[PDB]
Structure formats: C-alpha cells, structure tokens
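Asker: Chains A, B and C supply the protein sequences, listed in that same order. The UniProt record's numbering puts the first residue of the first sequence at 1, with every later residue one more than the last. The UniProt record's numbering puts the first residue of the second sequence at 1, with every later residue one more than the last. The UniProt record's numbering puts the first residue of the third sequence at 2, with every later residue one more than the last. Ideal placement from N, C-alpha and C gives every residue a C-beta, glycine not left out.
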Amino acid sequence: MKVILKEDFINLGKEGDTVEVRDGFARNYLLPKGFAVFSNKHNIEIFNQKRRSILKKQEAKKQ
Amino acid sequence: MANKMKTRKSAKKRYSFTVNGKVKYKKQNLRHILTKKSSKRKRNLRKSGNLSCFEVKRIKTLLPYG
Amino acid sequence: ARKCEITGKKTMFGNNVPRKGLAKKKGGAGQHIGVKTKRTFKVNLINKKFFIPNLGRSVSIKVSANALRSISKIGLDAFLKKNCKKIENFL
RNA sequence: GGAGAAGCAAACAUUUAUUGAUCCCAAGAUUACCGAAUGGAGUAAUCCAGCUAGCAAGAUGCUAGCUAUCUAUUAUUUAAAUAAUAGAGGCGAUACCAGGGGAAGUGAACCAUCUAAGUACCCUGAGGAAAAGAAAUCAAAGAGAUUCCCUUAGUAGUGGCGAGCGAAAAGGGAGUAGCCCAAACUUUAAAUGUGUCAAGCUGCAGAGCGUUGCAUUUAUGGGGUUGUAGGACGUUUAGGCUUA
RNA sequence: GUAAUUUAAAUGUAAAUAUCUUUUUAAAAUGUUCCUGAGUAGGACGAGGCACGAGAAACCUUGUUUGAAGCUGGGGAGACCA
RNA sequence: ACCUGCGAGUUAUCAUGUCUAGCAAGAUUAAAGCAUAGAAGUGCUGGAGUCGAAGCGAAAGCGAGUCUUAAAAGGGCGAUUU
RNA sequence: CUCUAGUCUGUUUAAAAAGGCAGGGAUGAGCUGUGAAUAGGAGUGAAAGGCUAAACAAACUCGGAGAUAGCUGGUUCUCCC
RNA sequence: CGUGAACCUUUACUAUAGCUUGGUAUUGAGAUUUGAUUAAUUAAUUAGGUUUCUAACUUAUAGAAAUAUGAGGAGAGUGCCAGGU
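Written out as structure tokens, the structure reads:
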C-alpha cells in the first residue's frame, strides 16, 4: 500500500512523503492512528499542494 | 432425424469398405514384442488383408452409413 | 451467510476429484479420474473493524480478504459507492 | 328483450309480471367470519384489547374507523426512534422461463472412470413470454445484434479409445431496430478537507486580492459514446438580439 | 339455428389524428494535450461450463493468491512464438 | 369353479433387403413463401443439402489406375462389360 | 391395581396374540391418568438384530418409475408348400 | 443356481467425514546469530532459531449497541493448497 505520511517516521520518511508499506502496517496502525493517509487523488494531491504552498518547507525540522 | 441410427465408432476406426462389398482391415500381432517373430511372418502381418465373408453382414450392421 | 456484505461473494459448490496415475507431461501413461464427490469452496470472510474518523467510530463488516485487498487499493468510501452500498447500512 | 316468472326437475297452493317482470350484459351498491390475515393472541371460521364517534354507556354491552412487518425514497444525527408516501407478503398454470442445489434405478451383460444427467425433485425470482440481445464476435469465408427452424451431420473431436457422448462455421428461412450512461470539460451549489497569494477570466486597459483559493463527495444542467472517437486548442462560422 | 350481413347506452382492449410532453434551437472541417470503464486483463493452484474425461488443451466463467498496460495500446485467430 | 366382457410385436425415425409406382447419368426437395379456400387443404414457388457419376493410399498426393517398392516385377483393392 | 412361568381350550377361533385354571410383584428400579420432548442410514433400546401406528437386518406416502432381470408365466382366425 | 439384492466384518479394493502436519492469506513493528547464495571478513536477499511491544486479532466483566477496563498475541482461529491418519 502506497501511503502519504501526515508526520515523520524514523525509517519511513517526512511529512508529505509517499512510501510503500506493508498493508497491515498501513491499515491497522497508520491509517487509524492518523500518522498517514491513503495516497489517492483528491487526498494526495490536496495534501501535496497544501504542503507546497501553505507549508512550503520543513517546520524547523531541517534546521 | 429424431432417431438417426448411430454408427459404432470403435468399429469405424478399424473397418473399411471396398467398392463391392469386401471389408479391409489391418492384421493383428504386429504391435508389440517383435524380435522373436520370424521376418516372413512380420512381412505378411504388415500387409493389409480382407475379412472372411462371414463377418460382412454383422459389420454392415455396425457401420450403418460408412 | 458466508456472504461478503460488500461484493456478494458466496460459497461455490463443486466436485472432489481424485486422480491415480502419472501425467503424460511427466512421462507417465496418463491419469485416471476416481470417484468424484461433492464439496464446497468457502469464502474466507473476516469480521473486520474499520475505524471511520468521518464519524469518529468503528464499523464492523463481514468482508472477504479479496474485498479487504480492494479496499486497501481504492479506499473504503469509493469501494462502497462502486458496489452501490452505503456505510449507514452497516452499524 | 318482450310474455311469462318464483335456480339447478316437477309436484302443493301463494304471489308477482304489459306500471315491462324473469333473464342476459355493463357498471355501481351491499359485501358476515376465517384465510397472505396485518391491534395482540389463537385449537383457522374466536377470545383479549388501545384510541376515537354514537348508543341513558355504565357495571368484561353493541356498532363504526385506526394501531402488523420488510424494502426504497426523506421530515431529523436514513444506525436508534417515530413521521411521510411508494413498491412488495400470498394464491394461481400437477404449464413455460431464469438463477441456486442436485441424485439414485440403468447401460457398460460386474464395477470404480463414464453413461443416464443438469434428469427427476427441492429452493429462490418475476414475466406474458422469459432468458439472451447491437461483437475487445464468428472465423480464413467476407461477412456483420439476439433467438427459433431446415441442412451441414451422426460430421469434426472426445471417451477404463470400452460402452457411449456429440458440435460449430458457412449456406438456405421465419422474424427485424438499434440505442442510452459513466469518464474526458463546464455550470449551479451544498457538505467535508485544506489554503492567505498572483487563485479565478476568451484575450489589451482600469477595478481585483481570496467571484470559496484549490480539491474530493452529494445533487442539477450542458457536453459527448467509437475499425479512436469525443472534449480543451485551428478557422469560415456562429439566424438575430437580450444577458456575461 | 346455419350463409352473407349486422345491436354498443355503458365497460374493456387497440391503433391513427391533433392536443400534450421532450429534444436539436449548427454543421462540414487539421494537429498538439486530456480521458476512454482497475484489484480489472493476465499468471500460479484447486473446480465447472464449452461436443471436447489433463490430453499438445485453446478459450470463457470461477474459489484461494498474485498482478498489468493507458492507442507509441490491448484482446482473439484450439499449446506456444513471430 | 363356470360363464360373459375386458385383456399383448404397435407407433415415430435411421440403416438395409424386397415388392409396387415414376424418372433417369441423373433422381429428389427440406425449412419456408405466395395464391385460392376457411376447406389442420393441394396447385405452384423455393435446389440450400443428400445419394450416384472413380477409386486407391495412413496421409500428402495420384488417378482407370493406385498403394506396397528402385521396380506394371508380382500381387492387394479397383475397372473395359455402368 | 399391574405383569405371564407352567398347563389347557382356542387356532377356516369370541380375540390378526385372548380366555379358563395358576403364578410373580404388591411402599417401590412401583403402577397409572393428563400434557410435552427425541423421526428413517435417524431416533430409542436395564440390550432379545427389539420397537418406532397390528408388518422393521433400515418406517410410511408421493415422485423418479412402465427401474433393471441371462428367471418364470402368457401371447387370440384359417389353408397350402 | 442368477457375473440377484440387502446387511455385517476385516491388516480386500477405492473414495471420504473427522483428526493431524507443512505452506500461504488473515499477519505488524523490534533485537540477536544460525546459515545458504551472489560478488567484493564486507555488502545485497532469504529461510529459520531464541526473544520484545501492541494497534490487527480473541478471552473475562459492565452495556441493546457503541465503548471502557483487565489479560493473551502476530500466536491462535478460519479459508485455500499439499503431506499423514
């Protein structure tokens, strides 16, 4: 399952990234807990546009 | 057409008809262990033969169309 | 029944066919069918819980592993819409 | 329709009918109780109610009218709960059709493959026909939706190659009819998310920094349906104007 | 009674005509982009239907798994390849 | 038990043989249509298909020859005398 | 009031399982009325291949079914070669 | 006697309920060394062995449900395939 991370993870990626994860990991943990969202149109595109325009950069994480 | 007589397929695959009645067939005993059989015996078994006139009526019953 | 509540999959009835002998594609003279019996192939339903943030609560549905896979692929709302069912029919 | 009528047969003594009866047809009324039976319950044809109206109504009084359930559509936080209409329950065809379940007696002179056979039967659905039906097809012929016949043909193949099972195409007929969504874009918004800049608009100018900024879902209209055509882009166009 | 004709107030079933309802209020016309149906096509295993019993066994449906392309495409032409 | 009634090689199609009728190297239409009639007819229309007219060889293929074979060299199955 | 060893009648009987004599139990593993539960490759059985609507080594009814039989029986007027 | 029928038994034949084993889906994240293979002890995969955390999943209580709490656990259970009985 390709998923888009609403936050950061140790081995996965940053908020806004998309990664392939095992389906159980995605469905039972990330999706219900809110750590990530399904990589669909009307969700992935909206999140990416909002992150690039309203967010536009790491919130002090890089520094 | 409701009741067309069915041919006997296992007989069709072994019998053949000549133009004026006789039945052609392939001789037996040339399918299997062959080293012991004499050469002239095998040569005669190769060539095809005709059945005795006593079976022709039954065969004509078995092959209603052919 | 053993029925996927989304797609409508149900168990499928068929035969039980034993075979004796060795297939020709393995050098054997062939195979022979034995005594066929009756049998059933069963869907593997799962009584899954989907947490829906949209109303902040979990809904339990009988779905097959195939439907679970498809939900993971497409998204639960879209899949329900495609099979013309609505989440409120559950609960 | 015209002279009898009081059923299916007359009898025995009573009336009606020329004031148009009886009877036939059409419509309407009446239409007890049980029964899908549905207020609850129940040993089917019957006891027990809730509420309203009238019986002096009243002490287990009588009569009339409502309160069963499922599904779809919304009046709401369609789940809970009632409310609103709409469509169903069952019977009938010891017929036909579709879907699901699916034998056994036999033949193979046994039997276990096979055959019988998708047969009987069971169950779920409706219809007057049903099913199917407008090629990601047949198939090496140039045809052109689906179905039903005549032929192909007991042929091609299949089968402990045993018994058996058994096409299709083409051709000749009956009968004829082709179409409509989604998606590609756009309008009207709502709901849910996210967003404070150059996000909308055919293109010059002024206004303009959020015509909700961009998306998804719901609802409405335009747009369109195929040997890859339909939209955004390319022009003549665009009846003609009002609106933008 | 029969032939050939012929009774319709009312009711039921049929067409046709307008009414009514709805739609087009336009088409012939070149190339760039967008879409053209997704757990679907296909493959592995287990079954069934095709006349066709795994047989070289296509193809279709289908249970358990896996899994695509996007016309610069895909399916079919009885294993398969061109 | 007697007596009287009832009480078993039929029908539908295919193969093959014979008889009858007709045509003849040809014979024959099936489904279906039209016309008249109302008279589940019978007069036409309809040649798609089948059986003969060439067989032999597993087949390709060749043909009064063909196959077995270097060989009509001898035979097997044909025919020239339907 | 419930049961049937032994014997007899009966056995084209009054009774498709009795009766005439007798015997066992008889305060209990008791008898019995009135309702209900267990249905066929199953039930039940203090256990005999018992019972389950007078028939049970797999109940009954309907349908498949006119099942299949190398078995038995039957197969109708006459004459000629 | 009939290539009759039924029942029963068995270390007769052939299937099969049920039982059992393995793999896979359900089924995730950790830690560790047992190795094999591929190249250059290192690196990329992969079967496992010993363990861990709970969010999947399932046990106890309350509740109509939702939900909560206390314990197990990616095991088990249930499908499919294969191996035994």
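1) Starting from the N-terminal side, write out each stretch of the alpha helix (DSSP H) that is 4 residues or longer and does not extend beyond the stretch 27-56 of chain A.
2) Exposed or buried, residue 26/A, counting other C-beta atoms within 10 Å across all chains shown (16 or more means buried)?
3) Taking 8 Å as the threshold (beta carbon to beta carbon), is residue 52/C in contact with chain A?
4) Using a 10 Å radius around the Cβ and a threshold of 16 neighbouring Cβ atoms, would you call residue 53/B buried or exposed?
5) Is there a Cβ from chain C that is less than 8 Å from the Cβ of residue 52/A?
6) What does the alpha-carbon distance come out to for the pair residue 33/A and residue 27/C?
7) With a cut-off of 8 Å, does the C-beta of residue 22/A fall near any C-beta of chain C?
8) DSSP has residue 25/B in a bridge; who is on the other side?
9) For the stretch 37-56 of chain A and the stretch 16-36 of chain B, state whether three or more C-beta atom pairs, one from each stretch, are separated by less than 8 Å.
10) List the residues of chain A whose Cβ lies closer than 9 Å to the Cβ of residue 76/C, in chain order.
11) With a cut-off of 8 Å, do at least 3 Cβ pairs link the stretch 12-23 of chain C to the stretch 36-52 of chain C?
12) I need the straight-line Cα distance from residue 51/B to residue 25/B, nearest angstrom please.
13) Nearest CA to the CA of residue 86/C: which residue from 4/C, 2/C, 8/C?
14) On the DSSP bridge list, what partners appear for residue 20/A?
15) To the nearest angstrom, report how far apart residue 25/C and residue 32/C are at their CA atoms.
16) How should residue 30/A be labelled, buried or exposed, when 16 other C-beta atoms within 10 angstroms of its C-beta is the threshold for buried?
17) Per DSSP, what are the beta-bridge partners of residue 47/C in this structure?
18) Considering just the uninterrupted stretch of the alpha helix (DSSP H) at residue 61/B, what are its terminal residues?
Answerer: Result, derived from the coordinates:
1) 44-50
2) buried
3) yes
4) exposed
5) no
6) 54 Å
7) no
8) 49/B
9) no
10) 38, 40, 43
11) yes
12) 7 Å
13) 8/C
14) 2/A
15) 8 Å
16) buried
17) 64/C
18) 56-62
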